[PDB]
$ cat start-v8.cif   # mmCIF, N, CA and C atoms
data_coords
loop_
_atom_site.label_atom_id
_atom_site.label_comp_id
_atom_site.auth_asym_id
_atom_site.auth_seq_id
_atom_site.Cartn_x
_atom_site.Cartn_y
_atom_site.Cartn_z
N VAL A 1 0.84 -1.20 0.00
CA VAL A 1 0.00 0.00 0.00
C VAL A 1 0.88 1.25 0.00
N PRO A 2 0.36 2.39 -0.51
CA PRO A 2 1.27 3.54 -0.56
C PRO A 2 1.30 4.33 0.75
N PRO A 3 2.25 5.26 0.87
CA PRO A 3 2.61 5.81 2.18
C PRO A 3 1.56 6.71 2.87
N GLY A 4 0.97 7.64 2.13
CA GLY A 4 0.32 8.79 2.75
C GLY A 4 -1.19 8.83 2.87
N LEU A 5 -1.84 7.67 2.87
CA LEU A 5 -3.30 7.60 2.78
C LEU A 5 -4.02 8.32 3.93
N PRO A 6 -5.33 8.58 3.77
CA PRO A 6 -6.10 9.14 4.88
C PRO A 6 -5.90 8.38 6.19
N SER A 7 -5.88 7.05 6.17
CA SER A 7 -5.47 6.35 7.38
C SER A 7 -3.98 6.62 7.39
N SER A 8 -3.28 6.26 8.44
CA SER A 8 -1.92 6.78 8.63
C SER A 8 -1.87 8.17 9.28
N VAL A 9 -3.02 8.83 9.41
CA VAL A 9 -3.03 10.18 9.96
C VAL A 9 -3.15 10.11 11.49
N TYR A 10 -3.16 8.89 12.01
CA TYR A 10 -3.22 8.66 13.45
C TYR A 10 -4.47 9.30 14.07
N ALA A 11 -4.28 10.28 14.95
CA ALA A 11 -5.40 10.96 15.59
C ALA A 11 -6.14 10.05 16.59
N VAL B 1 -12.82 27.02 40.22
CA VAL B 1 -12.38 27.23 38.84
C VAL B 1 -13.53 26.96 37.88
N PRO B 2 -13.78 27.89 36.94
CA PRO B 2 -15.00 27.73 36.14
C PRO B 2 -14.90 26.56 35.17
N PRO B 3 -15.91 25.70 35.18
CA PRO B 3 -15.84 24.52 34.31
C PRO B 3 -16.07 24.86 32.85
N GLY B 4 -15.29 24.23 31.97
CA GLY B 4 -15.55 24.29 30.54
C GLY B 4 -14.68 25.25 29.76
N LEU B 5 -13.61 25.76 30.37
CA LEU B 5 -12.77 26.78 29.73
C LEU B 5 -12.07 26.27 28.47
N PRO B 6 -11.29 27.14 27.79
CA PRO B 6 -10.49 26.67 26.66
C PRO B 6 -9.53 25.54 27.03
N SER B 7 -8.81 25.65 28.15
CA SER B 7 -8.06 24.50 28.63
C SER B 7 -9.22 23.63 29.00
N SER B 8 -9.01 22.42 29.48
CA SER B 8 -10.18 21.57 29.74
C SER B 8 -10.73 20.88 28.48
N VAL B 9 -10.20 21.26 27.32
CA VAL B 9 -10.60 20.63 26.06
C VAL B 9 -9.67 19.44 25.72
N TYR B 10 -8.66 19.24 26.56
CA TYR B 10 -7.68 18.18 26.35
C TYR B 10 -6.85 18.36 25.07
N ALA B 11 -6.93 17.39 24.15
CA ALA B 11 -6.13 17.40 22.92
C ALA B 11 -4.69 16.91 23.15
N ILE C 1 4.54 -0.50 -3.08
CA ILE C 1 3.64 0.56 -3.55
C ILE C 1 2.76 0.08 -4.70
N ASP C 2 1.56 -0.37 -4.37
CA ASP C 2 0.56 -0.65 -5.38
C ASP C 2 -0.63 0.24 -5.08
N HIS C 3 -0.88 1.20 -5.97
CA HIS C 3 -2.01 2.12 -5.82
C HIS C 3 -3.37 1.46 -6.07
N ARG C 4 -3.39 0.19 -6.46
CA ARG C 4 -4.67 -0.46 -6.66
C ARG C 4 -5.02 -0.93 -5.27
N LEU C 5 -5.92 -0.19 -4.65
CA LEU C 5 -6.47 -0.52 -3.35
C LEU C 5 -7.48 -1.62 -3.54
N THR C 6 -7.86 -2.24 -2.44
CA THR C 6 -8.81 -3.33 -2.48
C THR C 6 -10.07 -2.81 -1.83
N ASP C 7 -11.19 -3.44 -2.14
CA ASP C 7 -12.47 -3.00 -1.63
C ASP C 7 -12.42 -2.69 -0.12
N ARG C 8 -11.93 -3.65 0.66
CA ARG C 8 -11.73 -3.47 2.09
C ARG C 8 -10.81 -2.27 2.40
N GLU C 9 -9.68 -2.18 1.72
CA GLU C 9 -8.80 -1.03 1.93
C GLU C 9 -9.54 0.26 1.58
N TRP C 10 -10.26 0.27 0.45
CA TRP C 10 -10.98 1.48 0.05
C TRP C 10 -11.92 1.92 1.16
N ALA C 11 -12.73 0.98 1.66
CA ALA C 11 -13.71 1.35 2.67
C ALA C 11 -13.01 1.89 3.91
N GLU C 12 -11.82 1.37 4.19
CA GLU C 12 -11.06 1.84 5.33
C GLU C 12 -10.75 3.32 5.12
N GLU C 13 -10.16 3.60 3.97
CA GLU C 13 -9.74 4.94 3.63
C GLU C 13 -10.91 5.91 3.76
N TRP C 14 -12.06 5.53 3.22
CA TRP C 14 -13.24 6.40 3.27
C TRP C 14 -13.68 6.63 4.71
N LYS C 15 -13.92 5.55 5.44
CA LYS C 15 -14.33 5.64 6.83
C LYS C 15 -13.29 6.37 7.68
N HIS C 16 -12.02 6.23 7.34
CA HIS C 16 -11.02 7.00 8.07
C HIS C 16 -11.12 8.50 7.80
N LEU C 17 -11.32 8.89 6.54
CA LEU C 17 -11.65 10.29 6.23
C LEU C 17 -12.83 10.76 7.07
N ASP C 18 -13.87 9.94 7.15
CA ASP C 18 -15.04 10.36 7.91
C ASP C 18 -14.61 10.72 9.30
N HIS C 19 -13.85 9.82 9.91
CA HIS C 19 -13.38 10.00 11.26
C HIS C 19 -12.54 11.26 11.45
N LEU C 20 -11.59 11.50 10.56
CA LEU C 20 -10.78 12.72 10.61
C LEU C 20 -11.68 13.96 10.67
N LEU C 21 -12.67 14.01 9.79
CA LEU C 21 -13.55 15.16 9.69
C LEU C 21 -14.39 15.31 10.94
N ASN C 22 -14.86 14.19 11.47
CA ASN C 22 -15.64 14.21 12.70
C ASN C 22 -14.81 14.73 13.85
N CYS C 23 -13.56 14.27 13.98
CA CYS C 23 -12.66 14.80 15.02
C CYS C 23 -12.53 16.31 14.91
N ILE C 24 -12.30 16.78 13.70
CA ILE C 24 -12.19 18.20 13.46
C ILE C 24 -13.44 18.96 13.93
N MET C 25 -14.62 18.48 13.56
CA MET C 25 -15.84 19.11 14.05
C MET C 25 -15.89 19.07 15.56
N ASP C 26 -15.51 17.94 16.13
CA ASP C 26 -15.62 17.77 17.56
C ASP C 26 -14.69 18.75 18.25
N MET C 27 -13.50 18.94 17.69
CA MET C 27 -12.56 19.88 18.27
C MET C 27 -13.11 21.30 18.18
N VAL C 28 -13.65 21.64 17.01
CA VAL C 28 -14.18 22.97 16.78
C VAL C 28 -15.36 23.23 17.70
N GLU C 29 -16.23 22.24 17.87
CA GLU C 29 -17.43 22.40 18.69
C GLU C 29 -17.07 22.56 20.16
N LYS C 30 -16.14 21.75 20.64
CA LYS C 30 -15.68 21.90 22.02
C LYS C 30 -15.03 23.26 22.21
N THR C 31 -14.24 23.68 21.22
CA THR C 31 -13.63 25.01 21.23
C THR C 31 -14.67 26.14 21.31
N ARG C 32 -15.69 26.03 20.47
CA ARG C 32 -16.79 26.98 20.43
C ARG C 32 -17.45 27.18 21.79
N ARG C 33 -17.82 26.07 22.43
CA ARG C 33 -18.51 26.12 23.72
C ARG C 33 -17.59 26.76 24.73
N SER C 34 -16.31 26.41 24.60
CA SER C 34 -15.26 26.89 25.47
C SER C 34 -15.32 28.41 25.58
N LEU C 35 -15.51 29.05 24.42
CA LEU C 35 -15.59 30.50 24.34
C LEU C 35 -16.82 31.07 25.06
N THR C 36 -17.88 30.29 25.15
CA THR C 36 -19.02 30.68 25.96
C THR C 36 -18.57 30.98 27.39
N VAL C 37 -17.67 30.14 27.90
CA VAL C 37 -17.18 30.34 29.26
C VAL C 37 -16.13 31.44 29.35
N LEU C 38 -15.20 31.46 28.40
CA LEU C 38 -14.17 32.52 28.35
C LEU C 38 -14.78 33.92 28.40
N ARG C 39 -15.92 34.08 27.72
CA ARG C 39 -16.62 35.34 27.64
C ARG C 39 -17.22 35.74 29.00
N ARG C 40 -17.75 34.74 29.71
CA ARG C 40 -18.28 35.00 31.02
C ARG C 40 -17.14 35.49 31.92
N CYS C 41 -15.93 35.03 31.62
CA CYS C 41 -14.75 35.46 32.35
C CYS C 41 -14.41 36.92 32.07
N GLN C 42 -14.28 37.26 30.79
CA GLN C 42 -14.08 38.63 30.33
C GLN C 42 -15.12 39.52 31.01
N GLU C 43 -16.37 39.08 30.97
CA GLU C 43 -17.45 39.85 31.57
C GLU C 43 -17.29 40.08 33.06
N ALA C 44 -16.82 39.05 33.77
CA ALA C 44 -16.52 39.16 35.20
C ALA C 44 -15.47 40.24 35.47
N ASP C 45 -14.49 40.32 34.57
CA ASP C 45 -13.48 41.37 34.62
C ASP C 45 -14.12 42.77 34.57
N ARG C 46 -15.05 42.97 33.63
CA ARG C 46 -15.79 44.23 33.50
C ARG C 46 -16.54 44.61 34.75
N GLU C 47 -17.32 43.65 35.24
CA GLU C 47 -18.07 43.86 36.46
C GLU C 47 -17.11 44.41 37.53
N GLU C 48 -15.92 43.81 37.63
CA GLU C 48 -14.95 44.28 38.61
C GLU C 48 -14.40 45.67 38.35
N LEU C 49 -14.04 45.94 37.09
CA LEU C 49 -13.67 47.30 36.70
C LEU C 49 -14.79 48.25 37.09
N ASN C 50 -16.00 47.94 36.65
CA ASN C 50 -17.12 48.81 36.95
C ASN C 50 -17.22 48.98 38.44
N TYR C 51 -17.07 47.86 39.15
CA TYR C 51 -17.13 47.86 40.61
C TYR C 51 -16.21 48.92 41.21
N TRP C 52 -14.95 48.91 40.79
CA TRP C 52 -13.99 49.86 41.36
C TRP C 52 -14.28 51.29 40.98
N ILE C 53 -14.65 51.51 39.72
CA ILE C 53 -15.01 52.85 39.29
C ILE C 53 -16.17 53.37 40.17
N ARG C 54 -17.22 52.56 40.30
CA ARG C 54 -18.32 52.88 41.22
C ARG C 54 -17.79 53.09 42.64
N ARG C 55 -16.95 52.17 43.12
CA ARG C 55 -16.46 52.24 44.50
C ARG C 55 -15.66 53.52 44.68
N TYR C 56 -14.91 53.87 43.65
CA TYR C 56 -14.12 55.09 43.69
C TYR C 56 -14.96 56.38 43.68
N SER C 57 -15.98 56.44 42.83
CA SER C 57 -16.78 57.67 42.72
C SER C 57 -17.80 57.85 43.84
N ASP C 58 -18.10 56.78 44.57
CA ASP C 58 -19.04 56.85 45.70
C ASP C 58 -18.39 57.37 46.97
N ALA C 59 -17.09 57.13 47.11
CA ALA C 59 -16.30 57.86 48.09
C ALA C 59 -15.57 58.92 47.29
N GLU C 60 -16.01 60.16 47.43
CA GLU C 60 -15.58 61.27 46.56
C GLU C 60 -14.10 61.22 46.19
N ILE D 1 -18.87 29.44 39.75
CA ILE D 1 -19.50 30.73 40.02
C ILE D 1 -18.55 31.94 39.92
N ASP D 2 -17.33 31.85 40.45
CA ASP D 2 -16.43 32.99 40.31
C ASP D 2 -15.58 32.87 39.05
N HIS D 3 -15.89 33.74 38.09
CA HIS D 3 -15.25 33.72 36.79
C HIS D 3 -14.08 34.68 36.64
N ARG D 4 -13.59 35.27 37.74
CA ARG D 4 -12.45 36.16 37.58
C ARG D 4 -11.18 35.32 37.53
N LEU D 5 -10.51 35.32 36.37
CA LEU D 5 -9.22 34.64 36.22
C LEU D 5 -8.05 35.49 36.67
N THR D 6 -6.94 34.85 37.00
CA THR D 6 -5.74 35.60 37.27
C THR D 6 -5.03 35.81 35.94
N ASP D 7 -3.97 36.60 35.98
CA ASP D 7 -3.17 36.83 34.80
C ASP D 7 -2.63 35.51 34.27
N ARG D 8 -2.00 34.74 35.16
CA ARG D 8 -1.51 33.42 34.79
C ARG D 8 -2.62 32.63 34.09
N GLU D 9 -3.78 32.55 34.72
CA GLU D 9 -4.83 31.71 34.16
C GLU D 9 -5.24 32.18 32.77
N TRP D 10 -5.36 33.51 32.59
CA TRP D 10 -5.73 34.08 31.28
C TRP D 10 -4.75 33.61 30.22
N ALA D 11 -3.47 33.89 30.45
CA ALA D 11 -2.43 33.50 29.51
C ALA D 11 -2.59 32.03 29.10
N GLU D 12 -2.93 31.17 30.06
CA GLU D 12 -3.09 29.75 29.77
C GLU D 12 -4.23 29.53 28.78
N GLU D 13 -5.34 30.20 29.02
CA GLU D 13 -6.51 30.04 28.17
C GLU D 13 -6.24 30.53 26.73
N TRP D 14 -5.59 31.68 26.59
CA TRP D 14 -5.27 32.19 25.26
C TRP D 14 -4.37 31.19 24.56
N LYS D 15 -3.32 30.79 25.27
CA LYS D 15 -2.33 29.85 24.77
C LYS D 15 -2.97 28.53 24.35
N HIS D 16 -3.94 28.06 25.13
CA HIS D 16 -4.61 26.81 24.82
C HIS D 16 -5.56 26.95 23.62
N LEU D 17 -6.29 28.06 23.56
CA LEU D 17 -7.09 28.35 22.37
C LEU D 17 -6.24 28.25 21.12
N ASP D 18 -5.04 28.79 21.22
CA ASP D 18 -4.15 28.82 20.08
C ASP D 18 -3.79 27.41 19.71
N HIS D 19 -3.46 26.61 20.71
CA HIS D 19 -3.09 25.22 20.50
C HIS D 19 -4.22 24.44 19.86
N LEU D 20 -5.42 24.56 20.41
CA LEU D 20 -6.57 23.92 19.81
C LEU D 20 -6.63 24.29 18.33
N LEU D 21 -6.64 25.59 18.05
CA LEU D 21 -6.77 26.03 16.67
C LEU D 21 -5.66 25.46 15.77
N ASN D 22 -4.46 25.32 16.31
CA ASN D 22 -3.38 24.71 15.54
C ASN D 22 -3.59 23.21 15.32
N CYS D 23 -4.02 22.49 16.34
CA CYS D 23 -4.38 21.10 16.14
C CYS D 23 -5.37 20.95 14.99
N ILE D 24 -6.36 21.83 14.95
CA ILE D 24 -7.31 21.84 13.85
C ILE D 24 -6.63 22.05 12.50
N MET D 25 -5.81 23.10 12.38
CA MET D 25 -5.02 23.36 11.17
C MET D 25 -4.28 22.11 10.73
N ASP D 26 -3.68 21.45 11.71
CA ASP D 26 -2.78 20.35 11.44
C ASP D 26 -3.54 19.15 10.91
N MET D 27 -4.64 18.77 11.57
CA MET D 27 -5.48 17.70 11.04
C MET D 27 -5.94 18.01 9.61
N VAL D 28 -6.43 19.23 9.41
CA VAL D 28 -6.97 19.58 8.12
C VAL D 28 -5.90 19.43 7.06
N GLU D 29 -4.72 20.00 7.33
CA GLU D 29 -3.62 20.00 6.38
C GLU D 29 -3.13 18.59 6.05
N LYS D 30 -3.03 17.75 7.07
CA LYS D 30 -2.65 16.37 6.83
C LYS D 30 -3.71 15.70 5.97
N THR D 31 -4.97 15.92 6.31
CA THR D 31 -6.05 15.41 5.49
C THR D 31 -5.93 15.87 4.02
N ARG D 32 -5.71 17.16 3.82
CA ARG D 32 -5.48 17.68 2.48
C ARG D 32 -4.48 16.81 1.73
N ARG D 33 -3.32 16.58 2.35
CA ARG D 33 -2.23 15.84 1.71
C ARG D 33 -2.65 14.43 1.38
N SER D 34 -3.28 13.80 2.37
CA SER D 34 -3.78 12.45 2.26
C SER D 34 -4.63 12.26 1.01
N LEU D 35 -5.52 13.22 0.75
CA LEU D 35 -6.37 13.17 -0.43
C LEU D 35 -5.55 13.12 -1.71
N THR D 36 -4.43 13.83 -1.70
CA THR D 36 -3.51 13.83 -2.83
C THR D 36 -3.09 12.42 -3.19
N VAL D 37 -2.83 11.63 -2.15
CA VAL D 37 -2.46 10.23 -2.32
C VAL D 37 -3.69 9.40 -2.69
N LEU D 38 -4.80 9.62 -1.98
CA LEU D 38 -6.05 8.95 -2.32
C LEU D 38 -6.41 9.10 -3.80
N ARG D 39 -6.13 10.27 -4.35
CA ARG D 39 -6.45 10.55 -5.74
C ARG D 39 -5.64 9.65 -6.66
N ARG D 40 -4.35 9.51 -6.35
CA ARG D 40 -3.49 8.60 -7.08
C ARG D 40 -4.06 7.17 -7.08
N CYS D 41 -4.75 6.78 -6.02
CA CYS D 41 -5.40 5.48 -5.99
C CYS D 41 -6.60 5.41 -6.92
N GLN D 42 -7.38 6.48 -6.94
CA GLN D 42 -8.52 6.60 -7.84
C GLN D 42 -7.99 6.52 -9.28
N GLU D 43 -7.03 7.38 -9.59
CA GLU D 43 -6.50 7.44 -10.93
C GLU D 43 -5.86 6.09 -11.35
N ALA D 44 -5.22 5.41 -10.41
CA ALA D 44 -4.62 4.13 -10.73
C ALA D 44 -5.69 3.10 -11.12
N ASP D 45 -6.81 3.10 -10.40
CA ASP D 45 -7.93 2.24 -10.77
C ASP D 45 -8.40 2.51 -12.20
N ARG D 46 -8.23 3.74 -12.66
CA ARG D 46 -8.70 4.09 -13.98
C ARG D 46 -7.74 3.58 -15.05
N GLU D 47 -6.44 3.68 -14.78
CA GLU D 47 -5.45 3.16 -15.70
C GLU D 47 -5.66 1.65 -15.88
N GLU D 48 -6.17 1.02 -14.82
CA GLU D 48 -6.36 -0.42 -14.80
C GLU D 48 -7.57 -0.76 -15.66
N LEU D 49 -8.64 0.03 -15.49
CA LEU D 49 -9.80 -0.10 -16.38
C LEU D 49 -9.43 0.07 -17.85
N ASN D 50 -8.59 1.05 -18.18
CA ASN D 50 -8.21 1.24 -19.57
C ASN D 50 -7.50 0.01 -20.06
N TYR D 51 -6.63 -0.54 -19.20
CA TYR D 51 -5.90 -1.75 -19.54
C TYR D 51 -6.85 -2.87 -19.94
N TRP D 52 -7.86 -3.10 -19.11
CA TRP D 52 -8.83 -4.14 -19.42
C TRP D 52 -9.67 -3.92 -20.67
N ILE D 53 -10.19 -2.70 -20.86
CA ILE D 53 -10.94 -2.33 -22.07
C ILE D 53 -10.08 -2.66 -23.27
N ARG D 54 -8.86 -2.15 -23.22
CA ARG D 54 -7.89 -2.37 -24.26
C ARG D 54 -7.74 -3.87 -24.43
N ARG D 55 -7.42 -4.57 -23.33
CA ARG D 55 -7.14 -6.01 -23.37
C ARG D 55 -8.29 -6.76 -24.00
N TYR D 56 -9.50 -6.36 -23.63
CA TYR D 56 -10.68 -7.02 -24.13
C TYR D 56 -10.77 -6.78 -25.62
N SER D 57 -10.72 -5.51 -26.03
CA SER D 57 -10.89 -5.20 -27.44
C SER D 57 -9.73 -5.65 -28.35
N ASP D 58 -8.58 -5.96 -27.76
CA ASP D 58 -7.46 -6.50 -28.55
C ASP D 58 -7.41 -8.04 -28.60
N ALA D 59 -8.28 -8.71 -27.86
CA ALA D 59 -8.65 -10.08 -28.19
C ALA D 59 -10.05 -10.16 -28.86
N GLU D 60 -10.74 -9.01 -28.94
CA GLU D 60 -12.21 -8.96 -29.13
C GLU D 60 -12.87 -10.30 -29.46
#
$ encode --input "start-v8.cif" --output "structure tokens"
Amino acid sequence: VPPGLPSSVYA
Amino acid sequence: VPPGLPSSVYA
Amino acid sequence: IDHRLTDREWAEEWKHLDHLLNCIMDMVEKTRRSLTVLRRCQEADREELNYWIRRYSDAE
Amino acid sequence: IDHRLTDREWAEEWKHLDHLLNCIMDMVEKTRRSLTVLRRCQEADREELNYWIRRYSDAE
């Protein structure tokens, strides 16, 4: 999967 | 201390 | 790096966007209410200013 | 009931308002970027569709 998706934003 | 101030919002 | 997401991955991405936006609203809304109280504080300051001005002018 | 803040307390509230507002900026901005990547996923799905249309019509 690529690096910067909406998930990955933690929160 | 008045409840609900700007602090008190956590984050 | 494969940009071909899968149905499950797609739904994740979408629902995660939803969540991000909801957090933002929640932060803004809590912030908003917060100012309701901050203002009552500012106002308390005025009452006190007014208080002293009154207290000062009542004793010549 | 007593809404008169001290100087220290005021500074904290202003400072925290600022922090909240920055947390908001930060989520939004990260979200902005994220969409940039999400779009690449959308567009990649389209390149894949073209591949299949092509593939189909070149065996027709």
$ closest_residue --input "start-v8.cif" --among "D:36, D:22, D:42, D:6" --to "chain A" --atoms "all atoms listed in the file"
D:36
$ resolve_selection --input "start-v8.cif" --expression "the PyMOL selection byres ((chain D and resi 20) around 8)" --output "mmCIF file with N, CA and C atoms, in the frame of the given file"
data_model
loop_
_atom_site.group_PDB
_atom_site.id
_atom_site.type_symbol
_atom_site.label_atom_id
_atom_site.label_comp_id
_atom_site.auth_asym_id
_atom_site.auth_seq_id
_atom_site.Cartn_x
_atom_site.Cartn_y
_atom_site.Cartn_z
ATOM 1 N N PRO B 6 -11.290 27.140 27.790
ATOM 2 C CA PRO B 6 -10.490 26.670 26.660
ATOM 3 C C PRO B 6 -9.530 25.540 27.030
ATOM 4 N N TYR B 10 -8.660 19.240 26.560
ATOM 5 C CA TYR B 10 -7.680 18.180 26.350
ATOM 6 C C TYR B 10 -6.850 18.360 25.070
ATOM 7 N N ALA B 11 -6.930 17.390 24.150
ATOM 8 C CA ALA B 11 -6.130 17.400 22.920
ATOM 9 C C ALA B 11 -4.690 16.910 23.150
ATOM 10 N N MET C 27 -13.500 18.940 17.690
ATOM 11 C CA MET C 27 -12.560 19.880 18.270
ATOM 12 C C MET C 27 -13.110 21.300 18.180
ATOM 13 N N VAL C 28 -13.650 21.640 17.010
ATOM 14 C CA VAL C 28 -14.180 22.970 16.780
ATOM 15 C C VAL C 28 -15.360 23.230 17.700
ATOM 16 N N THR C 31 -14.240 23.680 21.220
ATOM 17 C CA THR C 31 -13.630 25.010 21.230
ATOM 18 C C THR C 31 -14.670 26.140 21.310
ATOM 19 N N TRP D 14 -5.590 31.680 26.590
ATOM 20 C CA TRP D 14 -5.270 32.190 25.260
ATOM 21 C C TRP D 14 -4.370 31.190 24.560
ATOM 22 N N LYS D 15 -3.320 30.790 25.270
ATOM 23 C CA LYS D 15 -2.330 29.850 24.770
ATOM 24 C C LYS D 15 -2.970 28.530 24.350
ATOM 25 N N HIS D 16 -3.940 28.060 25.130
ATOM 26 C CA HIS D 16 -4.610 26.810 24.820
ATOM 27 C C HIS D 16 -5.560 26.950 23.620
ATOM 28 N N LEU D 17 -6.290 28.060 23.560
ATOM 29 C CA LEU D 17 -7.090 28.350 22.370
ATOM 30 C C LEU D 17 -6.240 28.250 21.120
ATOM 31 N N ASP D 18 -5.040 28.790 21.220
ATOM 32 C CA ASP D 18 -4.150 28.820 20.080
ATOM 33 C C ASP D 18 -3.790 27.410 19.710
ATOM 34 N N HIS D 19 -3.460 26.610 20.710
ATOM 35 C CA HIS D 19 -3.090 25.220 20.500
ATOM 36 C C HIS D 19 -4.220 24.440 19.860
ATOM 37 N N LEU D 21 -6.640 25.590 18.050
ATOM 38 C CA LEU D 21 -6.770 26.030 16.670
ATOM 39 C C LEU D 21 -5.660 25.460 15.770
ATOM 40 N N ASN D 22 -4.460 25.320 16.310
ATOM 41 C CA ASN D 22 -3.380 24.710 15.540
ATOM 42 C C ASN D 22 -3.590 23.210 15.320
ATOM 43 N N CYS D 23 -4.020 22.490 16.340
ATOM 44 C CA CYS D 23 -4.380 21.100 16.140
ATOM 45 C C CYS D 23 -5.370 20.950 14.990
ATOM 46 N N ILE D 24 -6.360 21.830 14.950
ATOM 47 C CA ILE D 24 -7.310 21.840 13.850
ATOM 48 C C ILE D 24 -6.630 22.050 12.500
ATOM 49 N N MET D 25 -5.810 23.100 12.380
ATOM 50 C CA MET D 25 -5.020 23.360 11.170
ATOM 51 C C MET D 25 -4.280 22.110 10.730
ATOM 52 N N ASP D 26 -3.680 21.450 11.710
ATOM 53 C CA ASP D 26 -2.780 20.350 11.440
ATOM 54 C C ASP D 26 -3.540 19.150 10.910
#
$ interface_residues --input "start-v8.cif" --of "chain B" --to "chain C" --cutoff "6.5 Å" --atoms "only N, CA and C atoms" --output "PyMOL selection string"
chain B and resi 4-6+9
$ calpha_fit_and_write --input "start-v8.cif" --fixed "chain A" --moving "chain B" --output "short mmCIF file (atom, residue, chain, number, x, y, z; two decimals) with N, CA and C atoms, in the frame of the given file"
data_model
loop_
_atom_site.label_atom_id
_atom_site.label_comp_id
_atom_site.auth_asym_id
_atom_site.auth_seq_id
_atom_site.Cartn_x
_atom_site.Cartn_y
_atom_site.Cartn_z
N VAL B 1 1.62 -1.05 -0.06
CA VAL B 1 0.56 -0.13 0.35
C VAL B 1 1.04 1.31 0.21
N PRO B 2 0.23 2.16 -0.44
CA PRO B 2 0.77 3.50 -0.74
C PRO B 2 0.92 4.35 0.51
N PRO B 3 2.09 4.94 0.68
CA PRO B 3 2.31 5.73 1.90
C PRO B 3 1.59 7.06 1.87
N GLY B 4 1.01 7.44 3.02
CA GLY B 4 0.48 8.78 3.19
C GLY B 4 -1.02 8.91 3.06
N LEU B 5 -1.74 7.79 3.05
CA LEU B 5 -3.19 7.82 2.81
C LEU B 5 -3.96 8.55 3.91
N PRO B 6 -5.30 8.65 3.78
CA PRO B 6 -6.10 9.22 4.86
C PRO B 6 -5.92 8.49 6.19
N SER B 7 -5.94 7.15 6.19
CA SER B 7 -5.56 6.43 7.40
C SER B 7 -4.11 6.80 7.41
N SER B 8 -3.33 6.37 8.39
CA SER B 8 -1.94 6.83 8.41
C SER B 8 -1.76 8.24 9.00
N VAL B 9 -2.88 8.91 9.26
CA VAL B 9 -2.84 10.23 9.89
C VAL B 9 -2.94 10.12 11.43
N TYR B 10 -3.11 8.89 11.90
CA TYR B 10 -3.26 8.63 13.33
C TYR B 10 -4.52 9.26 13.94
N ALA B 11 -4.34 10.16 14.92
CA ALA B 11 -5.46 10.77 15.64
C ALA B 11 -6.04 9.86 16.73
#
$ interface_residues --input "start-v8.cif" --of "chain C" --to "chain D" --cutoff "6 Å" --atoms "all atoms listed in the file" --output "list in words"
residues 3, 4, 5, 40, 41, 44 and 45 of chain C
$ atom_distance --input "start-v8.cif" --atom1 "CA of residue 1 (chain D)" --atom2 "CA of residue 1 (chain B)"
8.0 Å
$ atom_distance --input "start-v8.cif" --atom1 "CA of residue 2 (chain B)" --atom2 "atom N of residue 50 (chain C)"
20.2 Å
$ atom_distance --input "start-v8.cif" --atom1 "atom N of residue 7 (chain C)" --atom2 "CA of residue 53 (chain D)"
20.0 Å
$ decode --input "start-v8.cif" --residues "region 1-10 of chain A" --atoms "N, CA, C and O atoms" --output "compact mmCIF listing (two decimals), in the first residue's frame"
# COMPACT_ATOMS: atom_id res chain seq x y z
N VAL A 1 0.84 -1.20 0.00
CA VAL A 1 0.00 0.00 0.00
C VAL A 1 0.88 1.25 0.00
O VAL A 1 2.02 1.19 0.45
N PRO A 2 0.36 2.39 -0.51
CA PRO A 2 1.27 3.54 -0.56
C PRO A 2 1.30 4.33 0.75
O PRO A 2 0.43 4.15 1.61
N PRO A 3 2.25 5.26 0.87
CA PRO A 3 2.61 5.81 2.18
C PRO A 3 1.56 6.71 2.87
O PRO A 3 1.28 6.52 4.05
N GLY A 4 0.97 7.64 2.13
CA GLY A 4 0.32 8.79 2.75
C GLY A 4 -1.19 8.83 2.87
O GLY A 4 -1.76 9.92 2.97
N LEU A 5 -1.84 7.67 2.87
CA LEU A 5 -3.30 7.60 2.78
C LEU A 5 -4.02 8.32 3.93
O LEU A 5 -3.39 8.72 4.90
N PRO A 6 -5.33 8.58 3.77
CA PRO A 6 -6.10 9.14 4.88
C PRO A 6 -5.90 8.38 6.19
O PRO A 6 -5.78 9.04 7.23
N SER A 7 -5.88 7.05 6.17
CA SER A 7 -5.47 6.35 7.38
C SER A 7 -3.98 6.62 7.39
O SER A 7 -3.47 7.13 6.39
N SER A 8 -3.28 6.26 8.44
CA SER A 8 -1.92 6.78 8.63
C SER A 8 -1.87 8.17 9.28
O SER A 8 -0.79 8.64 9.64
N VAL A 9 -3.02 8.83 9.41
CA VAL A 9 -3.03 10.18 9.96
C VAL A 9 -3.15 10.11 11.49
O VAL A 9 -3.19 11.14 12.17
N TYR A 10 -3.16 8.89 12.01
CA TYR A 10 -3.22 8.66 13.45
C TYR A 10 -4.47 9.30 14.07
O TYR A 10 -5.59 8.88 13.77
